[PDB]
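A.B. asks: What follows is target_13.cif; its format and atoms are mmCIF, C-alpha atoms.
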```cif
data_protein
loop_
_atom_site.label_atom_id
_atom_site.label_comp_id
_atom_site.auth_asym_id
_atom_site.auth_seq_id
_atom_site.Cartn_x
_atom_site.Cartn_y
_atom_site.Cartn_z
CA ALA A 1 282.29 120.01 -28.23
CA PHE A 2 285.16 119.32 -25.88
CA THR A 3 284.23 121.58 -23.05
CA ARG A 4 280.97 119.65 -23.42
CA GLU A 5 282.82 116.33 -23.15
CA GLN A 6 284.83 117.51 -20.14
CA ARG A 7 281.83 118.64 -18.14
CA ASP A 8 279.83 115.58 -19.15
CA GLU A 9 282.56 113.46 -17.56
CA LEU A 10 282.53 115.67 -14.47
CA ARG A 11 278.76 115.33 -14.11
CA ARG A 12 279.04 111.56 -14.58
CA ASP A 13 281.57 111.42 -11.74
CA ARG A 14 279.38 113.51 -9.43
CA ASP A 15 276.32 111.37 -10.20
CA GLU A 16 278.30 108.20 -9.54
CA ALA A 17 279.50 109.64 -6.23
CA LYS A 18 275.98 110.46 -5.07
CA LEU A 19 274.69 107.07 -6.25
CA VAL A 20 277.41 105.15 -4.39
CA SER A 21 276.79 107.23 -1.27
CA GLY A 22 273.08 106.45 -1.41
CA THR A 23 273.60 102.74 -2.06
CA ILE A 24 276.15 102.59 0.77
CA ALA A 25 273.75 104.31 3.18
CA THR A 26 270.80 102.07 2.32
CA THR A 27 272.95 98.91 2.44
CA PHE A 28 274.32 99.89 5.85
CA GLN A 29 270.78 100.57 7.07
CA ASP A 30 269.59 97.22 5.70
CA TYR A 31 272.44 95.32 7.37
CA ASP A 32 271.89 97.11 10.69
CA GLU A 33 268.18 96.26 10.51
CA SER A 34 269.02 92.63 9.78
CA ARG A 35 271.45 92.53 12.71
CA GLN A 36 268.92 94.07 15.11
CA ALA A 37 266.22 91.69 13.83
CA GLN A 38 268.33 88.59 14.43
CA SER A 39 269.50 89.99 17.79
CA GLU A 40 265.91 90.55 18.92
CA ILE A 41 264.89 87.10 17.67
CA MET A 42 267.72 85.56 19.70
CA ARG A 43 266.66 87.64 22.70
CA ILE A 44 263.08 86.40 22.34
CA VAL A 45 264.41 82.84 22.26
CA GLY A 46 266.54 83.51 25.33
CA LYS A 47 263.67 84.95 27.34
CA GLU A 48 261.66 81.89 26.28
CA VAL A 49 264.45 79.74 27.75
CA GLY A 50 264.30 81.78 30.96
CA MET A 51 267.30 84.09 31.42
CA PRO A 52 266.14 87.73 31.91
CA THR A 53 268.78 89.48 29.77
CA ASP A 54 271.54 87.98 31.94
CA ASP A 55 271.90 90.70 34.63
CA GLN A 56 272.78 93.91 32.77
CA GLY A 57 273.63 94.98 29.23
CA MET A 58 274.52 98.67 29.42
CA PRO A 59 276.93 98.88 32.40
CA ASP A 60 278.86 95.65 31.78
CA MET A 61 278.40 91.92 31.14
CA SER A 62 277.64 89.52 34.00
CA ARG A 63 276.48 85.97 34.69
CA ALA A 64 273.12 84.51 33.66
CA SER A 65 271.05 81.40 34.37
CA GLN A 66 273.37 79.30 32.19
CA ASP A 67 276.66 80.25 30.56
CA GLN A 68 276.76 78.37 27.25
CA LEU A 69 275.35 75.36 25.39
CA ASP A 70 271.96 75.73 27.06
CA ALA A 71 270.00 74.61 23.99
CA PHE A 72 270.43 74.02 20.28
CA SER A 73 268.27 77.04 19.44
CA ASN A 74 270.53 79.41 21.38
CA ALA A 75 273.71 77.97 19.84
CA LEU A 76 272.35 77.88 16.27
CA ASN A 77 272.99 81.61 15.72
CA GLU A 78 274.05 83.25 19.02
CA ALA A 79 273.27 86.62 17.39
CA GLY A 80 276.21 86.26 15.02
CA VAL A 81 278.70 84.14 16.97
CA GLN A 82 278.32 85.75 20.41
CA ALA A 83 277.36 89.13 18.90
CA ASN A 84 280.60 89.18 16.88
CA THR A 85 279.65 92.20 14.78
CA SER A 86 283.12 92.17 13.28
CA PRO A 87 283.96 95.17 11.07
CA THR A 88 285.17 92.85 8.31
CA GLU A 89 281.72 91.28 8.02
CA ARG A 90 280.13 94.72 7.61
CA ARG A 91 282.71 95.71 4.99
CA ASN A 92 282.03 92.49 3.08
CA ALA A 93 278.28 93.07 3.31
CA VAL A 94 278.45 96.63 1.98
CA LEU A 95 281.05 95.85 -0.73
CA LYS A 96 279.23 92.77 -2.03
CA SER A 97 276.99 94.90 -4.29
CA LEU A 98 279.47 97.78 -4.74
CA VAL A 99 282.25 96.24 -6.86
CA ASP A 100 279.60 95.05 -9.31
CA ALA A 101 280.21 97.92 -11.73
CA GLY A 102 280.77 101.64 -12.06
CA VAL A 103 283.40 102.23 -9.37
CA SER A 104 287.03 103.35 -9.59
CA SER A 105 289.93 104.34 -7.35
CA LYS A 106 288.03 107.49 -6.30
CA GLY A 107 285.08 105.34 -5.20
CA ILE A 108 285.31 102.81 -2.38
CA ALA A 109 288.78 104.13 -1.49
CA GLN A 110 287.49 107.46 -0.20
CA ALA A 111 284.43 105.65 1.15
CA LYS A 112 286.75 103.78 3.52
CA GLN A 113 286.67 106.88 5.73
CA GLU A 114 282.87 106.66 5.92
CA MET A 115 283.06 102.93 6.69
CA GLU A 116 285.52 103.68 9.49
CA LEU A 117 283.33 106.46 10.89
CA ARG A 118 280.14 104.38 10.87
CA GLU A 119 282.08 101.59 12.58
CA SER A 120 283.29 104.07 15.21
CA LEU A 121 279.64 105.05 15.74
CA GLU A 122 278.98 101.70 17.44
CA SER B 1 303.34 104.04 -14.71
CA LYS B 2 299.95 105.63 -13.89
CA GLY B 3 298.27 102.23 -14.44
CA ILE B 4 299.10 99.20 -12.32
CA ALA B 5 300.83 101.47 -9.80
CA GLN B 6 297.55 103.08 -8.75
CA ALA B 7 295.65 99.84 -9.51
CA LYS B 8 297.56 98.26 -6.62
CA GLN B 9 295.18 100.23 -4.41
CA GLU B 10 292.29 98.44 -6.13
CA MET B 11 293.92 95.04 -5.58
CA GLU B 12 294.58 95.91 -1.92
CA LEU B 13 290.93 96.92 -1.52
CA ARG B 14 289.79 93.66 -3.12
CA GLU B 15 291.99 91.69 -0.73
CA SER B 16 290.57 93.67 2.19
CA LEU B 17 287.06 92.78 1.00
CA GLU B 18 287.73 89.08 1.65
CA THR C 1 274.81 115.05 47.99
CA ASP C 2 277.44 112.73 49.50
CA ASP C 3 279.90 115.39 50.78
CA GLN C 4 281.15 117.32 47.73
CA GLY C 5 280.70 117.16 43.97
CA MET C 6 282.74 120.05 42.59
CA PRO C 7 286.14 119.74 44.34
CA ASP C 8 286.47 115.95 44.39
CA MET C 9 284.63 112.74 45.31
CA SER C 10 283.99 111.51 48.84
CA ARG C 11 282.06 108.94 50.85
CA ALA C 12 278.40 109.18 51.88
CA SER C 13 276.06 107.53 54.39
CA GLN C 14 275.65 104.50 52.10
CA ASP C 15 277.87 103.40 49.23
CA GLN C 16 275.77 101.38 46.78
CA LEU C 17 272.39 99.66 46.46
CA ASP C 18 270.75 102.37 48.56
CA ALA C 19 267.30 101.69 47.08
CA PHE C 20 265.62 100.16 44.05
CA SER C 21 264.67 103.60 42.70
CA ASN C 22 268.32 104.68 42.61
CA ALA C 23 269.51 101.28 41.38
CA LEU C 24 267.10 101.60 38.44
CA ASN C 25 269.03 104.42 36.72
CA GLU C 26 271.88 105.83 38.85
CA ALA C 27 271.77 108.89 36.57
CA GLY C 28 272.90 106.87 33.58
CA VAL C 29 274.91 104.15 35.32
CA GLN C 30 276.81 106.29 37.85
CA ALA C 31 276.80 109.31 35.51
CA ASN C 32 278.55 107.31 32.78
CA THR C 33 278.59 110.07 30.17
CA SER C 34 280.43 107.82 27.76
CA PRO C 35 281.35 109.50 24.45
CA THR C 36 279.93 106.61 22.41
CA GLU C 37 276.40 107.11 23.90
CA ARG C 38 276.48 110.81 23.01
CA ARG C 39 277.79 110.13 19.49
CA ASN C 40 275.00 107.62 18.88
CA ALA C 41 272.39 110.01 20.27
CA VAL C 42 273.50 112.93 18.10
CA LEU C 43 273.99 110.75 15.00
CA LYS C 44 270.64 108.93 15.20
CA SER C 45 268.94 111.89 13.48
CA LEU C 46 271.93 112.77 11.25
CA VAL C 47 272.68 109.75 9.03
CA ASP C 48 269.00 109.52 8.06
CA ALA C 49 269.60 111.46 4.84
CA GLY C 50 271.63 114.18 3.17
CA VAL C 51 275.11 113.40 4.51
CA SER C 52 278.42 112.63 2.82
#
```
Will you turn the file into structure tokens for me?
C.D. replies:
Amino acid sequence: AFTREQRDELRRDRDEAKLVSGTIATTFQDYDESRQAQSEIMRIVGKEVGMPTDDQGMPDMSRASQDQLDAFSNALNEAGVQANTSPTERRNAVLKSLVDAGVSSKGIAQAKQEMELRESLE
Amino acid sequence: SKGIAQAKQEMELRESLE
Amino acid sequence: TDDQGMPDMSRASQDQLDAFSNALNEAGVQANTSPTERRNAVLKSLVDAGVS
């Protein structure tokens, strides 16, 4: 009966690890999709205003038709405060449904490496 | 000793959340 | 080919804005093989599933 108890605990830990990994991955995907959706909505609004993507987005950042405060619609969101995809916001978004239950010191703590890596991706 | 000492990691993580 | 590509860099007949066709790409913005663009490209098909 104890070896049974021991390995039941081990299997519980492994299942919790896989579940937290899956929930983390889907939450990160959901947040990235939300960010790209709001970014593309803001870009649609901007092209409606008239600026054609400023001048360039990949090489560097340059001037546009107007710098700031062009219209209330542009300033309402600004794609997250001038595209301020701060890491802290992403950590808060992914941890908001993670500390609900069923996590311990071997949970989010080791997941911090994966958070850091996915942040280093972009 | 093996309680709050390691739980300080959990409190630090909670502070880092907000 | 400007003057040389292997030993070092050198001047050419024209410096920049030679034509619209070149200005369109410039071989990835002047051959900007940034590590971040390669990491994103390789990872785009990796984090889809089955990773830890």
A.B. asks: So that I can see what lies close to residue 30 of chain C, please list as a VMD selection string the residues with an atom at most 10 Å from it, counting all atoms listed in the file and leaving out residues fewer than 6 positions away in the same chain.
C.D. replies: (chain A and resid 59) or (chain C and resid 22 to 23)
A.B. asks: Counting only C-alpha atoms, which residues of chain A come no farther than 7 Å from chain B, as a PyMOL selection string?
C.D. replies: chain A and resi 91-92+95+105
A.B. asks: List every residue of chain A that has an atom at most 12 Å from any atom of chain C, giving for each one its closest atom pair and the distance in Å to one decimal, counting only C-alpha atoms, sorted by chain and then by ascending residue number, as CSV.
C.D. replies:
```
residue,atom,partner,partner_atom,distance
A:17,CA,C:52,CA,9.6
A:18,CA,C:52,CA,8.5
A:19,CA,C:52,CA,11.3
A:20,CA,C:52,CA,10.4
A:21,CA,C:52,CA,7.0
A:22,CA,C:49,CA,8.7
A:23,CA,C:49,CA,11.8
A:24,CA,C:52,CA,10.5
A:25,CA,C:47,CA,8.1
A:26,CA,C:48,CA,9.6
A:28,CA,C:47,CA,10.5
A:29,CA,C:48,CA,9.2
A:56,CA,C:29,CA,10.8
A:57,CA,C:29,CA,11.1
A:58,CA,C:29,CA,8.1
A:59,CA,C:29,CA,6.4
A:60,CA,C:29,CA,10.0
A:110,CA,C:52,CA,10.9
A:111,CA,C:52,CA,9.4
A:113,CA,C:52,CA,10.5
A:114,CA,C:52,CA,8.1
A:115,CA,C:52,CA,11.4
A:117,CA,C:39,CA,10.9
A:118,CA,C:47,CA,9.4
A:119,CA,C:40,CA,11.2
A:120,CA,C:36,CA,8.3
A:121,CA,C:40,CA,6.2
A:122,CA,C:36,CA,7.1
```
A.B. asks: What is the distance between atom CA of residue 73 of chain A and atom CA of residue 46 of chain A, in Å to one decimal?
C.D. replies: 8.9 Å
A.B. asks: If the PyMOL selection byres ((chain A and resi 71) around 12) were run on this exact file, what residues would it hold? Put them as a ChimeraX atom specification.
C.D. replies: /A:42,45-46,48-50,66-70,72-78
A.B. asks: Save out the residues we just selected, C-alpha atoms, as a compact mmCIF listing (two decimals), keeping the file's coordinate frame.
C.D. replies:
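This is the output file out21.txt:
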```txt
# COMPACT_ATOMS: atom_id res chain seq x y z
CA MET A 42 267.72 85.56 19.70
CA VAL A 45 264.41 82.84 22.26
CA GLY A 46 266.54 83.51 25.33
CA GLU A 48 261.66 81.89 26.28
CA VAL A 49 264.45 79.74 27.75
CA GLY A 50 264.30 81.78 30.96
CA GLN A 66 273.37 79.30 32.19
CA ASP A 67 276.66 80.25 30.56
CA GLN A 68 276.76 78.37 27.25
CA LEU A 69 275.35 75.36 25.39
CA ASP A 70 271.96 75.73 27.06
CA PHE A 72 270.43 74.02 20.28
CA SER A 73 268.27 77.04 19.44
CA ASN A 74 270.53 79.41 21.38
CA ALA A 75 273.71 77.97 19.84
CA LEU A 76 272.35 77.88 16.27
CA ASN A 77 272.99 81.61 15.72
CA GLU A 78 274.05 83.25 19.02
```
A.B. asks: What does the distance from atom CA of residue 112 of chain A to atom CA of residue 14 of chain A come to in Å, to one decimal?
C.D. replies: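 These atoms are spaced 17.8 Å apart.
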A.B. asks: For atom CA of residue 79 of chain A and atom CA of residue 41 of chain A, determine how far apart the two atoms are, in Å to one decimal place.
C.D. replies: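 Going from atom CA of residue 79 of chain A over to atom CA of residue 41 of chain A, I get 8.4 Å.
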A.B. asks: Would you kindly translate the PyMOL selection byres ((chain A and resi 83) around 12) into the concrete residues it picks from this file, as a ChimeraX atom specification?
C.D. replies: /A:35-36,38-40,42-43,75,77-82,84-87,89
A.B. asks: Could you add N, CA, C and O atoms to chain B and give me the result as a PDB file, keeping the file's coordinate frame?
C.D. replies:
```pdb
ATOM      1  N   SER B   1     303.097 103.892 -16.144  1.00  0.00           N
ATOM      2  CA  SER B   1     303.340 104.040 -14.710  1.00  0.00           C
ATOM      3  C   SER B   1     302.049 104.365 -13.961  1.00  0.00           C
ATOM      4  O   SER B   1     301.813 103.837 -12.869  1.00  0.00           O
ATOM      5  N   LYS B   2     301.199 105.220 -14.532  1.00  0.00           N
ATOM      6  CA  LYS B   2     299.950 105.630 -13.890  1.00  0.00           C
ATOM      7  C   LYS B   2     298.861 104.552 -13.953  1.00  0.00           C
ATOM      8  O   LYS B   2     297.701 104.845 -13.641  1.00  0.00           O
ATOM      9  N   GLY B   3     299.214 103.320 -14.315  1.00  0.00           N
ATOM     10  CA  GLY B   3     298.270 102.230 -14.440  1.00  0.00           C
ATOM     11  C   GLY B   3     298.299 101.298 -13.248  1.00  0.00           C
ATOM     12  O   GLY B   3     297.625 101.533 -12.240  1.00  0.00           O
ATOM     13  N   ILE B   4     299.065 100.214 -13.368  1.00  0.00           N
ATOM     14  CA  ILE B   4     299.100  99.200 -12.320  1.00  0.00           C
ATOM     15  C   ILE B   4     299.554  99.800 -10.994  1.00  0.00           C
ATOM     16  O   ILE B   4     299.185  99.308  -9.920  1.00  0.00           O
ATOM     17  N   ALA B   5     300.351 100.872 -11.037  1.00  0.00           N
ATOM     18  CA  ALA B   5     300.830 101.470  -9.800  1.00  0.00           C
ATOM     19  C   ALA B   5     299.676 101.937  -8.924  1.00  0.00           C
ATOM     20  O   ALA B   5     299.622 101.616  -7.731  1.00  0.00           O
ATOM     21  N   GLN B   6     298.734 102.686  -9.499  1.00  0.00           N
ATOM     22  CA  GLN B   6     297.550 103.080  -8.750  1.00  0.00           C
ATOM     23  C   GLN B   6     296.528 101.944  -8.657  1.00  0.00           C
ATOM     24  O   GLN B   6     295.719 101.936  -7.722  1.00  0.00           O
ATOM     25  N   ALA B   7     296.553 100.987  -9.591  1.00  0.00           N
ATOM     26  CA  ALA B   7     295.650  99.840  -9.510  1.00  0.00           C
ATOM     27  C   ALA B   7     296.006  98.916  -8.343  1.00  0.00           C
ATOM     28  O   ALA B   7     295.183  98.077  -7.951  1.00  0.00           O
ATOM     29  N   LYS B   8     297.221  99.026  -7.808  1.00  0.00           N
ATOM     30  CA  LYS B   8     297.560  98.260  -6.620  1.00  0.00           C
ATOM     31  C   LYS B   8     296.670  98.639  -5.446  1.00  0.00           C
ATOM     32  O   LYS B   8     296.412  97.805  -4.572  1.00  0.00           O
ATOM     33  N   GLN B   9     296.175  99.877  -5.413  1.00  0.00           N
ATOM     34  CA  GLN B   9     295.180 100.230  -4.410  1.00  0.00           C
ATOM     35  C   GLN B   9     293.904  99.418  -4.607  1.00  0.00           C
ATOM     36  O   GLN B   9     293.296  98.961  -3.634  1.00  0.00           O
ATOM     37  N   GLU B  10     293.483  99.230  -5.862  1.00  0.00           N
ATOM     38  CA  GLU B  10     292.290  98.440  -6.130  1.00  0.00           C
ATOM     39  C   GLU B  10     292.481  96.982  -5.719  1.00  0.00           C
ATOM     40  O   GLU B  10     291.596  96.381  -5.103  1.00  0.00           O
ATOM     41  N   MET B  11     293.637  96.402  -6.046  1.00  0.00           N
ATOM     42  CA  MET B  11     293.920  95.040  -5.580  1.00  0.00           C
ATOM     43  C   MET B  11     293.970  94.950  -4.054  1.00  0.00           C
ATOM     44  O   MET B  11     293.466  93.980  -3.474  1.00  0.00           O
ATOM     45  N   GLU B  12     294.571  95.935  -3.381  1.00  0.00           N
ATOM     46  CA  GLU B  12     294.580  95.910  -1.920  1.00  0.00           C
ATOM     47  C   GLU B  12     293.165  95.984  -1.363  1.00  0.00           C
ATOM     48  O   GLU B  12     292.832  95.293  -0.393  1.00  0.00           O
ATOM     49  N   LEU B  13     292.315  96.819  -1.965  1.00  0.00           N
ATOM     50  CA  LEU B  13     290.930  96.920  -1.520  1.00  0.00           C
ATOM     51  C   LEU B  13     290.187  95.606  -1.734  1.00  0.00           C
ATOM     52  O   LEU B  13     289.405  95.178  -0.876  1.00  0.00           O
ATOM     53  N   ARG B  14     290.414  94.953  -2.875  1.00  0.00           N
ATOM     54  CA  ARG B  14     289.790  93.660  -3.120  1.00  0.00           C
ATOM     55  C   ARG B  14     290.232  92.625  -2.099  1.00  0.00           C
ATOM     56  O   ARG B  14     289.421  91.823  -1.622  1.00  0.00           O
ATOM     57  N   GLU B  15     291.523  92.610  -1.762  1.00  0.00           N
ATOM     58  CA  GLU B  15     291.990  91.690  -0.730  1.00  0.00           C
ATOM     59  C   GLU B  15     291.348  92.000   0.613  1.00  0.00           C
ATOM     60  O   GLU B  15     290.956  91.088   1.350  1.00  0.00           O
ATOM     61  N   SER B  16     291.228  93.286   0.949  1.00  0.00           N
ATOM     62  CA  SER B  16     290.570  93.670   2.190  1.00  0.00           C
ATOM     63  C   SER B  16     289.099  93.294   2.209  1.00  0.00           C
ATOM     64  O   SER B  16     288.535  93.092   3.290  1.00  0.00           O
ATOM     65  N   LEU B  17     288.460  93.203   1.040  1.00  0.00           N
ATOM     66  CA  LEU B  17     287.060  92.780   1.000  1.00  0.00           C
ATOM     67  C   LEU B  17     286.904  91.365   1.548  1.00  0.00           C
ATOM     68  O   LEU B  17     285.981  91.096   2.325  1.00  0.00           O
ATOM     69  N   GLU B  18     287.789  90.453   1.161  1.00  0.00           N
ATOM     70  CA  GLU B  18     287.730  89.080   1.650  1.00  0.00           C
ATOM     71  C   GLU B  18     288.868  88.791   2.616  1.00  0.00           C
ATOM     72  O   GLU B  18     289.989  88.503   2.200  1.00  0.00           O
TER      73      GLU B  18
END
```
